[PDB]
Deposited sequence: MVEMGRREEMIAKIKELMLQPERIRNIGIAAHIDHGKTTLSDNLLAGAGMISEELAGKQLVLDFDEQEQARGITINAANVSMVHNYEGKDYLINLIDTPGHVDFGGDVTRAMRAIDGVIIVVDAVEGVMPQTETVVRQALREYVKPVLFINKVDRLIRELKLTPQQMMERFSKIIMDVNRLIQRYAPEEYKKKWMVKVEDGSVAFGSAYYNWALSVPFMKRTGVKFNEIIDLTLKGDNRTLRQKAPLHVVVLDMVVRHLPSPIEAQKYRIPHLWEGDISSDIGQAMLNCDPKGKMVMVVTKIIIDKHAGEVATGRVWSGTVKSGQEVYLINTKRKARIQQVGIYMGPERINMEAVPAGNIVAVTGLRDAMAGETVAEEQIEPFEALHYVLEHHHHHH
């Protein structure tokens, strides 16, 4: 039901501890797009009452996920795929608080894997690990359960070596990933299943059941018994931070202004009562709506009709319509508080990376 989901989005956007702003990153062909598309589909966000390629270069897609009796609003924000480095990559890392690092079970950790882990960690983005294509270990390589667990262990050790080496000093140990606490999951994005220790504890489901169904070709039972979106989004909710948790340590890194100032404090503490500061992540031109700027609200509350400064472009402006994402769709909202990803009209002169603020402040980017 559409009206129900819209109400749910409004409910959760008002509670910053229920939000997760994330991205997904991977070496080429390891499964970023398949995971992205199938999480969105599995969470039921593109059902007719409300798949391949829908997330490709999508500014944001949101998913509502229930975890231990509470609903969460997960924003899967665009991160550039298949590129080594660039301003676009850095900018997208700065927009997300958590990242799912996807590693192919066959190739393992590859040079581009190391690059994306580095790039995320450099901006205080907390990682979790999803080991993909486990169907290939089962069917094509015909590995034993012990051989597969040993393969996972090696991947995990390689990832943690990168975290130890590249995480900000304070998080070199804290952000290591482990199978035991479910900050690692493994599965097949393509066949819509995954497992983790917390999921297996909760349900009693065992890897051998998944192996059996896989070899039998019972793909319907497979994806229902160990759903990709349940296992992976459970991991997102438990282990990736809310914007209010993340901004307390991310904002001094991200913004070069005076953290002790009122606006600095409002961003540090994700305060919806402070002056509004947002950063534009992406702009598209819609034939009907005109320029639509997607962005993250760091502080304050963004409103339809709100007068703002475009800091990099050096102009005063007025936001026309504010929107928020429901799956891939923009839905109108007249006011949206800090912590959220929004889409706004009225800022045609803005560029990607633009700092948009109620007061003249230091920009997040030199632009």
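- Against the full deposited sequence, the model leaves out several stretches, namely 1 to 5, 56 to 69, 387 to 397.
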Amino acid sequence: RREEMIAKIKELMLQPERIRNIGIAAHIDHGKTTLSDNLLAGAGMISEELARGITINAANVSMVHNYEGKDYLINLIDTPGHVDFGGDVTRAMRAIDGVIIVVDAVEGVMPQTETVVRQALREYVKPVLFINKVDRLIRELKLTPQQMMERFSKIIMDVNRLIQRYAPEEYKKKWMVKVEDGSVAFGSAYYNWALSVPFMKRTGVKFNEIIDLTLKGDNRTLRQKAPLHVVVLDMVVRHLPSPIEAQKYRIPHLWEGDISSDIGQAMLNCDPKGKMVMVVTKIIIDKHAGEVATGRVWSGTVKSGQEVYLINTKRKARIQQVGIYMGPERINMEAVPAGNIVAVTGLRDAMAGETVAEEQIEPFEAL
From here on, numbers count along this sequence of modelled residues.
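- As the entry records it, the average C-alpha temperature factor is higher for 280 to 288, out of 124 to 132 and 280 to 288.
- Comparing the deposited coordinates for 41 to 49 and 305 to 313, the stretch with the larger average C-alpha B-factor is 41 to 49.
- Ranking 273, 238, 206, 173 by the C-alpha B-factor listed in the PDB entry places 173 at the top.
- Set against one another, the Cα B-factors of 248, 142, 296, 118 in the record reach their highest point at 142.
- Ranked by C-alpha B-factor against the other modelled residues of its chain, residue 78 falls in the middle third.
- Looking at the C-alpha B-factors along this chain, the one for residue 107 belongs to the middle third.
- Among all modelled residues in this chain, the alpha-carbon of residue 180 has a temperature factor (C-alpha) in the highest third.
- Among the modelled residues of its chain, residue 229 has a C-alpha B-factor that falls in the lowest third, as given in the PDB entry.
- Compared with the other modelled residues of the chain, the Cα B-factor recorded for residue 155 ranks in the middle third.
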